[PDB]
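One structure is given here, and the rest of the page talks about it.
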Amino acid sequence: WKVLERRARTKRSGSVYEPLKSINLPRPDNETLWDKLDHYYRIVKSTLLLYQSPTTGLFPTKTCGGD
Amino acid sequence: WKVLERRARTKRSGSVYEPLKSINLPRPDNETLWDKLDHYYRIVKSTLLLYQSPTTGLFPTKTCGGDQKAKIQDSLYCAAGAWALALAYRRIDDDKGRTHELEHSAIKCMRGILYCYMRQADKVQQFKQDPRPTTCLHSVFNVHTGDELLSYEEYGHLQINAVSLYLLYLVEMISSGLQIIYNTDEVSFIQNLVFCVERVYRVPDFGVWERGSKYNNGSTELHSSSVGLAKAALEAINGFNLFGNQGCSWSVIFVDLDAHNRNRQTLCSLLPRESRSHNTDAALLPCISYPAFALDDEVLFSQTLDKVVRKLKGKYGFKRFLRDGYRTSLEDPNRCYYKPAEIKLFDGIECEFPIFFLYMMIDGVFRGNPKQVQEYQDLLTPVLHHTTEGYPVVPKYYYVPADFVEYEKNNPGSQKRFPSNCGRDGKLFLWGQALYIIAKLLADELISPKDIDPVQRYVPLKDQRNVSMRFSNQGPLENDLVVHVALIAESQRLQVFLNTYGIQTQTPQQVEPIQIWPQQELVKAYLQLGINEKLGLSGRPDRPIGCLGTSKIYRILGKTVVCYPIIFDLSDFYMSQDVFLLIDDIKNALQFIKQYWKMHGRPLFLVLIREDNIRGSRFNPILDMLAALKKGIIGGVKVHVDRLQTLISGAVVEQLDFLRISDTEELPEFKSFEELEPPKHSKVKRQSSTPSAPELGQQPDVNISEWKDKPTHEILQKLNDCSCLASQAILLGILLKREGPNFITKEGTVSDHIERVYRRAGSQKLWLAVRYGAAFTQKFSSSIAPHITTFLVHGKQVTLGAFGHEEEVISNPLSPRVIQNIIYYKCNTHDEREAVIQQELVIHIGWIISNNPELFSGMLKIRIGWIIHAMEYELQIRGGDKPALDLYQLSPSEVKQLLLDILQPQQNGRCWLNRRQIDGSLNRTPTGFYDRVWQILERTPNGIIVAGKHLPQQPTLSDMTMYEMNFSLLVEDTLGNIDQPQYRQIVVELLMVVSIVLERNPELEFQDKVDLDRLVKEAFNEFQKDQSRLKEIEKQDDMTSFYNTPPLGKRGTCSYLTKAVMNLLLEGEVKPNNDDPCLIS
Amino acid sequence: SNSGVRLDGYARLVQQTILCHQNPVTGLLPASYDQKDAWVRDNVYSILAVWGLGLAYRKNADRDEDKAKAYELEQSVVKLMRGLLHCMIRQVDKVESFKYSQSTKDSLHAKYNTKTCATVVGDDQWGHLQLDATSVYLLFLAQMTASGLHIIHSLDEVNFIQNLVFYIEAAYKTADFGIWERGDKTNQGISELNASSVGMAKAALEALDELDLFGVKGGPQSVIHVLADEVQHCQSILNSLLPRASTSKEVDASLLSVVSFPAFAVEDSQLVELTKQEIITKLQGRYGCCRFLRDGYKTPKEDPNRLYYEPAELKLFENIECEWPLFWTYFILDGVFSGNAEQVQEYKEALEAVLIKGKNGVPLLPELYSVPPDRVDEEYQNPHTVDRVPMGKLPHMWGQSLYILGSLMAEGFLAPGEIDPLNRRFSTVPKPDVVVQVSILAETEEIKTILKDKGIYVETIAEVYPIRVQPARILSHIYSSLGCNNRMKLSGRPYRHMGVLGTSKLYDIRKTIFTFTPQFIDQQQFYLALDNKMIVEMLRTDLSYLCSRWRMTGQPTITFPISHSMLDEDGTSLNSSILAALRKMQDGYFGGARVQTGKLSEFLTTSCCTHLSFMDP
Ligand SMILES: Nc1ncnc2c1ncn2[C@@H]1O[C@H](COP(=O)(O)OP(=O)(O)OP(=O)(O)O)[C@@H](O)[C@H]1O
């Protein structure tokens, strides 16, 4: 965040007049959005899209017994 | 609220099932919204609308004395306040005919401004061509007749902020719903105003305060606020319809992406400061607040707000900028201009504007921080004044009394200040009262932030997702753009040849419904846009279109138009004869497109393949590049290849309907790209590469130093019976210089001969002869000017000239003719190949700084001749014992490669002498060097003398600040007198040693002025004595052995430098600091 | 604008003629008259006019009305194609069962019902074997997908398309009922090979080589792979099978659909001209061209309410055969497409007279013209002298749609490159030459040493770790797992032998380049590989075959390993025949092909590489 990001006080403390941007900000746990999207895609593909009739695209209420 | 509203538990307690509604909820203090709205209407009518000229609707700046002048920004803010009050009153159906009056008042103010601007059409036409303070639009007009009042010799009138703010407010009002633009001529005038604003990133402006700079000496400079306002206005009007809901496709306005990109590039770098001379200024607040909201980063915004609050905040208001003398006690009301070192007297007595409390309150309510809102409201309550009827008044400023200036200077903020002239009954500040009305309305929730911001200038951090020209679909922290790439074959035989090697390409004959156009036709079409014979309008100036403008698709006269990038066309220079340079330029363009694309939809990139760029040994790099493009990723950028017809289907197209509305009897004809028919004489069906080796090697035996005084017939027969290309070029150049270009030689004119020899040398890859011919023919590259403009945008100065000789500095962007004159009339005493090598270096450094600006961090100015000497020394070192080959025959590919090796951050290895030479040639300094120099100058009286140049201490300290870029420029100018790069490096090291010694030892001070030459000489003498003692070596002149010493370790140069500086310091007086408890020391 | 007036007029004609029977819910039009049945080929050919009108309307964009009309037309053709696609899905079991053991009682029914997409005729009451309809459906779907339209929507749809492509790939060695659904001249429940069928199948396979059904946004998992051997075999069968119509038919006017705008599945333009001249001489009449000699369709005799014609057509159906103007429309299309202008004008002038007016003066193309029963002996004695009368389906949407498309193309509102984004018009352009590359490999160190002693520089199986060499049975087994899905009970491509045109192609599996030896060096499979002379001779033959067609993109690459079974009696030197063949290889000439010997890494720079996305874990 602010103040924590700059960390550019090379000599004691003073006013820094440089661009800071936001790409250099501290950032969360090591996981790109691609991995999360792929995990969700695997979950949905093995759960919901696996049960869909190609003829009509209607999801069945029962997943077993040939209902 | 809930639970308390029901209260229907008639019998004990139990579940209730009945409607409750919300009308039955407890109400706040008993006061109808009509009463508060009527109170606000009375306040507005008695203070703001009471001063408005019926003839023009312009609000006078002065409410008494019969003043005729009237500013534009004050009128714009009054109109904005009236529009806000109208929006507030819109919430009631029974308005008693008051909303119409307020909306008309806004419309009439805008129409008066538009009429005043449109009275000067020739001024707009002149400003379009050469924007200068002499030929700029006026900023003040008569309040009764709308006539010019102040001439250019007393006001300057150079203010683009007013035009940008007027355009932005017009866009906002039209989006909210109003009728201000009536006819098509008004649309054309708005288009030309947009064109004039579109080139704001080069012409300096006097700023919002009209003073021009902190010194106030009639000097103009670039301001961050103006650039930000212009950029925000450019985004706001991008594709906007000026007719509102009742509009068609021929009432739209157009802007190009290149100007907006350049403005963003110029803003995102000078943003932390205000200007070169202003570290901090209160006029940056409007740039990042309510009206503009042009800073979509949230980090620089926070940093700048914190800096402004830390610096300019005061109890009575916010100071405009540090060390200002507007209406101060010590100001002399008899001179318009200030004097050097006089500005220092204006420290601690700066005036404070209460309107910035209002501005911060508005920013707080917009952002959603009621704590800041209530804090600033509490701070604003005691400073406000009331009239006889009780209407609040916002004073313009507060000034310390002349008797208390010493007390205020001794203890800032201790004394009390007096209100300005317009801070009591009789004199009013319409701008202040308008902003007060707007802020009070916003705070009382009488206008939602969306109501006054229909264009959505402010976007929350979670919604910065889909905004045109502002954000990409990924967001503000990701860049993974995919660029659509379509390959185009010159001819059917070329298509078959590419097909035989696993590459699929399409010909123009196969895309018949889609026409391919070059840049010239698009430029001509855009030229016809702004035509208005009634007033006199030249339309868009003839300028090239960048990569961003060529990535779109246009529908002209019902025909799809696609334009390939300008990189694929060659006019006169030999840089296009190298395939490696073409591939590098294509990769650079792809990276630029990926990094700076914020529109909707994947950009379109067109690849043109010609038969002349694949013949010979150059076939392999082209095939490699095409295979890399087909793979999917090239140069770290993901690309997709497919059919053009599939690509164009389902994509967003740009519409240009101004051509249809044109009244020209005959529609102009545009020539599309046409397939080249196969030849019927040789029928070359794209044969194999066939490398072969039909080339020889010989060093030219003719130089200009000997074949100069030879008479005509001898040199003529020598040219006739010779065969060397370089010798022929040299002889022809001598003939042109002496005999004349119009003389008829054996093979025709001299000009035809030099052109032919240049062409055959380029075809045969004879770089020496090609460069000789280009130098002697005085050829110029059209890409020099945009590269120099980009150079000056990034804040880097440029010097043109040979090494160790006269050089010309380019402080501000110049026309191509002027820079060509400079480059071709300042190196006459040297060989003209220097101009060609300087052009090549400029192009290469421009490209890398556009792509990789981090490679040039730490240097303020770039010297081309010093870089020439740098790579000359690098090649000399690389040759080792064997002498170096040359510098004008290695081809631009190897030239760029050598420049890349030179620009490396560190070259550890070879002895320190080469490193120091490279560092001095590149003019590289460690970070914070200017701050250390400023500290030394502060702690060193009588200044510093370096190489004859002297740097005084009185005026620099009196006028300049610690972090001012003007100080860095002055230091660089002082230090540039050094001719030996090693000497400059030694100077820098000595300066750093002095700085660290002074910082670590505050007690010792310099008795008198320091001279660097004496210190360097003493250090050299000490090193020589040490070497003679250690190794019994006799003393030798020149510092060839001193530079080889490392700057740390055993008996390094640092030790001698610190010994010398300590010996000098201990000569002077030592002052004991009483704060430190060290005694007997 | 006059162009807009003509466009809205054509839209009115098409709406009043074809689009009036759009048959919502399903989107499959009836086959005219009181039939209540939908034909795949008829609907596909009828939708061509609507697709062309939509393409023409799309050009005049930037207006709400024109954009809405173009969108409506595109969505209508998409709905029709989705309905036909669902009809085809309704027989996945039949397709899967046809994939093994090709039989007439296994193919999907050509006759499909109206809305609710059911079967209207059993498996024995009609001829349910028509490869031409499926192939032309695939070709047109490919063409519109390349145009920009979206039809395929799911991965299961891609799998079904791949399975059906595998099913249609065996058209060059199977007998079908043909376009007329009657086999030869006498029905007799007999089916025979047809040139139209194999040509359509080859064109569909070629047009569907690499294309992505998902458009630009699609990835590597939505591409369809087709073999090169099948296309070349079909082309060879067509070349050896076009001096006439078929084995029993001397000439058929349906051959015009193979050598013209539809599918452009022909080469050797001289043969095309000869076939056109033969068709003109043997079939042209005063009211169009006849189907073929000795046809009994819609005659005043032979008991019209009967089938299974007995062999008694010695002269009953001769010289009185009906004529169809749809062949004239096909000729108009062929002339207006390639390079002809005067022929188009003359054919349009001829066709304008045979047209019959309808309601509100709308043009209508009659199905056929039939000779009156009274004027029959006169036609026998004087051919092409009597006057016929219009019979059959008066609003024939097939011929009417082709006529509308031809008129639109001739008027200039549409370009030949719009209907054919795949650039099939240049199929007759001669191929200049192709250079085949060969790679010589050593099985063991002793072989490499012996070759080096004989002035031959080769590389062993090792040292080329990035590349792997394996027999073609491995790639066969790998391709057998293509288009395999357990949910719809699809077994993928059946195992089959692999030729030489694909083994030369490079394959990338799991980010690794795979090169495979040709299948003919497999001594384990059969013993012809032992003989030296046979090996060198058939290697020359295969090299010649590869150099001849090479229809695929990129350069080829052949890997020839040296086994230990080819050595002399002492096992110390190579055989004379192999040494002479390799010496001819080094000289850049062997048989009728040009070769340049080199390293596999060098050939990797420029060659045809195919990536198998279905092998990803
Ligand atoms: N050769 C080129 N390579 C890359 N971009 C180019 C080239 N030529 C022109 N451009 C682009 O076209 C525009 C150049 O504008 P123009 O030539 O009118 O002047 P300018 O950039 O405003 O400055 P100057 O006063 O130096 O000419 C910029 O977008 C520049 O990026």
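Letters A, B, ... mark the chains of the structure tokens in the order given; residue numbers begin at 1 per chain; ligand numbers begin at 1, in order shown.
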Pull out every residue of chain C sitting within 6 Å of chain B, counting only C-alpha atoms, and send them as a list in words.
residues 147, 148, 553 and 554 of chain C
Write down, as a list in words, each residue of chain B that has any atom within 9 Å of an atom of chain A, counting only C-alpha atoms.
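Every residue meeting the condition is included here: residues 268, 269, 270, 271, 272, 273, 279, 297, 298, 299, 300, 302, 303, 307, 476, 477, 478, 928 and 963 of chain B.
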N, CA, C and O atoms of the current selection, written as a JSON list (two decimals), in the first residue's frame:
```json
[["chain", "number", "residue", "atom", "x", "y", "z"],
["B", 268, "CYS", "N", 2.40, 10.84, -17.43],
["B", 268, "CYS", "CA", 2.74, 9.78, -16.47],
["B", 268, "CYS", "C", 4.18, 9.86, -15.96],
["B", 268, "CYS", "O", 4.60, 9.04, -15.14],
["B", 269, "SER", "N", 4.94, 10.84, -16.43],
["B", 269, "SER", "CA", 6.34, 10.99, -16.05],
["B", 269, "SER", "C", 6.58, 12.27, -15.26],
["B", 269, "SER", "O", 7.39, 12.30, -14.34],
["B", 270, "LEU", "N", 5.89, 13.34, -15.64],
["B", 270, "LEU", "CA", 6.02, 14.62, -14.96],
["B", 270, "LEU", "C", 4.93, 14.76, -13.89],
["B", 270, "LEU", "O", 4.77, 15.82, -13.29],
["B", 271, "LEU", "N", 4.19, 13.68, -13.68],
["B", 271, "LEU", "CA", 3.07, 13.71, -12.73],
["B", 271, "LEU", "C", 3.50, 14.00, -11.29],
["B", 271, "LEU", "O", 2.84, 14.83, -10.64],
["B", 272, "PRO", "N", 4.53, 13.36, -10.73],
["B", 272, "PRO", "CA", 4.86, 13.63, -9.32],
["B", 272, "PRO", "C", 5.17, 15.09, -9.04],
["B", 272, "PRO", "O", 4.95, 15.56, -7.92],
["B", 273, "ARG", "N", 5.68, 15.82, -10.03],
["B", 273, "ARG", "CA", 5.92, 17.25, -9.90],
["B", 273, "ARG", "C", 4.85, 18.03, -10.66],
["B", 273, "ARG", "O", 3.91, 17.46, -11.21],
["B", 279, "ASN", "N", 8.17, 22.13, -7.76],
["B", 279, "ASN", "CA", 8.11, 20.81, -7.14],
["B", 279, "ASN", "C", 6.68, 20.43, -6.78],
["B", 279, "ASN", "O", 6.28, 19.27, -6.94],
["B", 297, "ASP", "N", -4.42, 5.66, -11.81],
["B", 297, "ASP", "CA", -3.39, 4.81, -11.23],
["B", 297, "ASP", "C", -3.57, 4.54, -9.74],
["B", 297, "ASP", "O", -3.19, 3.46, -9.28],
["B", 298, "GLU", "N", -4.12, 5.49, -8.97],
["B", 298, "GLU", "CA", -4.49, 5.33, -7.57],
["B", 298, "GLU", "C", -3.26, 5.30, -6.65],
["B", 298, "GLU", "O", -3.39, 5.40, -5.43],
["B", 299, "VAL", "N", -2.06, 5.24, -7.23],
["B", 299, "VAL", "CA", -0.85, 5.26, -6.41],
["B", 299, "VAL", "C", -0.15, 6.60, -6.52],
["B", 299, "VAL", "O", 0.17, 7.25, -5.52],
["B", 300, "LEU", "N", 0.12, 7.04, -7.76],
["B", 300, "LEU", "CA", 0.64, 8.39, -7.95],
["B", 300, "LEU", "C", -0.35, 9.43, -7.44],
["B", 300, "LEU", "O", 0.05, 10.48, -6.93],
["B", 302, "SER", "N", -2.38, 9.07, -4.80],
["B", 302, "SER", "CA", -2.22, 9.12, -3.35],
["B", 302, "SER", "C", -0.92, 9.82, -2.97],
["B", 302, "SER", "O", -0.89, 10.64, -2.04],
["B", 303, "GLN", "N", 0.17, 9.52, -3.67],
["B", 303, "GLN", "CA", 1.46, 10.14, -3.36],
["B", 303, "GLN", "C", 1.40, 11.65, -3.57],
["B", 303, "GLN", "O", 1.88, 12.42, -2.73],
["B", 307, "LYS", "N", 1.75, 14.57, -0.77],
["B", 307, "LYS", "CA", 2.77, 15.60, -0.91],
["B", 307, "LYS", "C", 2.16, 17.00, -0.87],
["B", 307, "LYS", "O", 2.69, 17.90, -0.20],
["B", 476, "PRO", "N", -6.05, -3.08, -14.78],
["B", 476, "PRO", "CA", -4.92, -2.15, -14.71],
["B", 476, "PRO", "C", -3.60, -2.76, -14.27],
["B", 476, "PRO", "O", -2.60, -2.04, -14.19],
["B", 477, "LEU", "N", -3.57, -4.07, -13.98],
["B", 477, "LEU", "CA", -2.36, -4.71, -13.47],
["B", 477, "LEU", "C", -1.92, -5.90, -14.32],
["B", 477, "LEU", "O", -1.02, -6.64, -13.90],
["B", 478, "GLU", "N", -2.52, -6.11, -15.49],
["B", 478, "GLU", "CA", -2.19, -7.24, -16.34],
["B", 478, "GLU", "C", -2.04, -6.77, -17.78],
["B", 478, "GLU", "O", -2.70, -5.82, -18.22],
["B", 928, "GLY", "N", 20.87, 10.01, -7.12],
["B", 928, "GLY", "CA", 20.97, 10.97, -6.04],
["B", 928, "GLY", "C", 22.17, 11.89, -6.10],
["B", 928, "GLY", "O", 22.42, 12.61, -5.13],
["B", 963, "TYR", "N", 14.92, 19.68, -4.92],
["B", 963, "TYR", "CA", 14.51, 18.68, -5.90],
["B", 963, "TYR", "C", 14.11, 19.29, -7.24],
["B", 963, "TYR", "O", 13.46, 18.61, -8.04]]
```
Return as JSON, numbers by chain the full set of residues in range 249-493 of chain C whose backbone-based DSSP assignment is strand (DSSP E or B).
{"C": [252, 284, 285, 286, 288, 289, 290, 292, 323, 324, 356, 357, 363, 364, 368, 369, 370, 389, 390, 391, 436, 437, 438, 439, 440, 441, 442, 459, 460, 467, 468, 469, 470, 484, 485, 490, 491]}
Environment of ligand 1 within 7 Å, counting only C-alpha atoms and all ligand atoms, reported as a PyMOL selection string
chain B and resi 199+258-259+543-547+566-567+782-783+785-789+813-816
Hey, can you spit out that residue selection with N, CA and C atoms as a compact mmCIF listing (two decimals), in the first residue's frame?
```
# COMPACT_ATOMS: atom_id res chain seq x y z
N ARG B 199 -2.36 18.87 -29.89
CA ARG B 199 -0.91 19.05 -29.88
C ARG B 199 -0.47 19.87 -28.67
N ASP B 258 -2.82 8.48 -31.36
CA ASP B 258 -1.41 8.82 -31.19
C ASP B 258 -1.23 10.03 -30.28
N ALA B 259 -2.04 11.07 -30.48
CA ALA B 259 -1.92 12.26 -29.65
C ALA B 259 -2.27 11.97 -28.19
N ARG B 543 -0.27 15.00 -41.40
CA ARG B 543 0.66 14.37 -40.47
C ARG B 543 0.57 12.86 -40.63
N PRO B 544 1.66 12.14 -40.34
CA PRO B 544 1.61 10.68 -40.43
C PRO B 544 0.76 10.08 -39.32
N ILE B 545 0.33 8.85 -39.55
CA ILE B 545 -0.52 8.11 -38.63
C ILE B 545 0.31 7.00 -37.99
N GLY B 546 0.28 6.93 -36.67
CA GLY B 546 1.08 5.97 -35.93
C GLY B 546 0.52 4.56 -36.01
N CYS B 547 1.15 3.67 -35.24
CA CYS B 547 0.75 2.27 -35.23
C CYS B 547 -0.66 2.10 -34.68
N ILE B 566 3.21 1.87 -41.20
CA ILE B 566 4.12 2.69 -41.99
C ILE B 566 5.51 2.08 -42.08
N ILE B 567 5.81 1.08 -41.25
CA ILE B 567 7.13 0.46 -41.26
C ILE B 567 7.42 -0.23 -42.59
N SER B 782 12.58 11.07 -42.66
CA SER B 782 11.38 11.68 -42.09
C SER B 782 11.11 11.20 -40.67
N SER B 783 11.74 10.10 -40.26
CA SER B 783 11.54 9.57 -38.92
C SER B 783 12.40 10.26 -37.87
N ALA B 785 12.30 13.50 -36.94
CA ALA B 785 11.48 14.41 -36.13
C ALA B 785 10.64 13.69 -35.08
N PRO B 786 9.86 12.64 -35.40
CA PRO B 786 9.10 11.98 -34.32
C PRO B 786 10.00 11.37 -33.26
N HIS B 787 11.17 10.85 -33.64
CA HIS B 787 12.10 10.32 -32.65
C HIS B 787 12.58 11.41 -31.71
N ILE B 788 12.86 12.60 -32.24
CA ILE B 788 13.31 13.71 -31.39
C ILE B 788 12.18 14.18 -30.49
N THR B 789 10.95 14.19 -31.01
CA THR B 789 9.81 14.56 -30.16
C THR B 789 9.64 13.58 -29.02
N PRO B 813 10.88 20.83 -28.92
CA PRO B 813 10.71 20.22 -30.24
C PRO B 813 10.73 21.26 -31.35
N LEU B 814 11.35 20.90 -32.47
CA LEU B 814 11.54 21.79 -33.60
C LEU B 814 11.03 21.14 -34.87
N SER B 815 10.75 21.98 -35.87
CA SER B 815 10.28 21.49 -37.15
C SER B 815 11.39 20.71 -37.86
N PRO B 816 11.02 19.79 -38.76
CA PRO B 816 12.05 19.00 -39.46
C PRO B 816 13.05 19.85 -40.23
```
Chain A: residues DSSP assigns to alpha helix (DSSP H), reported as a ChimeraX atom specification
/A:33-45
Contacts of residue 594 in chain C within 6 Å, only C-alpha atoms, excl. fewer than 5 positions in-chain, as an mmCIF file with N, CA and C atoms, in the first residue's frame:
```
data_model
loop_
_atom_site.group_PDB
_atom_site.id
_atom_site.type_symbol
_atom_site.label_atom_id
_atom_site.label_comp_id
_atom_site.auth_asym_id
_atom_site.auth_seq_id
_atom_site.Cartn_x
_atom_site.Cartn_y
_atom_site.Cartn_z
ATOM 1 N N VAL C 435 10.151 -30.815 -54.234
ATOM 2 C CA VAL C 435 11.420 -31.435 -53.874
ATOM 3 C C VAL C 435 11.216 -32.233 -52.594
ATOM 4 N N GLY C 588 21.344 -36.541 -56.202
ATOM 5 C CA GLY C 588 20.119 -35.770 -56.325
ATOM 6 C C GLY C 588 19.198 -36.208 -57.443
ATOM 7 N N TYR C 589 19.126 -37.511 -57.713
ATOM 8 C CA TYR C 589 18.201 -38.035 -58.710
ATOM 9 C C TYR C 589 17.995 -39.533 -58.528
#
```
For a quick test of understanding: name the residues of chain A lying within 9 Å of chain C when counting only C-alpha atoms, and present them as a count of residues only.
4
Residues near range 1050-1063 of chain B, cut-off 10 Å, only C-alpha atoms, skip fewer than 2 positions along chain, as a PyMOL selection string
chain B and resi 986+989-994+996-998+1004+1006+1010+1014-1023+1026+1042-1048+1065-1068
Excluding range 252-268 of chain C and residues on its chain fewer than 6 positions from it, collect all residues at most 7 Å away from it, counting only C-alpha atoms, and give them as a PyMOL selection string.
chain C and resi 196+199-200+203+245+279+290-292+333-334+337+424-425+427-428
Find the residues around residue 884 in chain B up to 12 Å (only C-alpha atoms counted), leave out those fewer than 3 positions away in its own chain, and share them as a PyMOL selection string.
chain B and resi 871-881+887-890
For residue 274 in chain B, work out the shell of residues within 6 Å, counting only C-alpha atoms and skipping chain neighbours fewer than 6 positions away, then give it as a PyMOL selection string.
chain B and resi 223-224+280
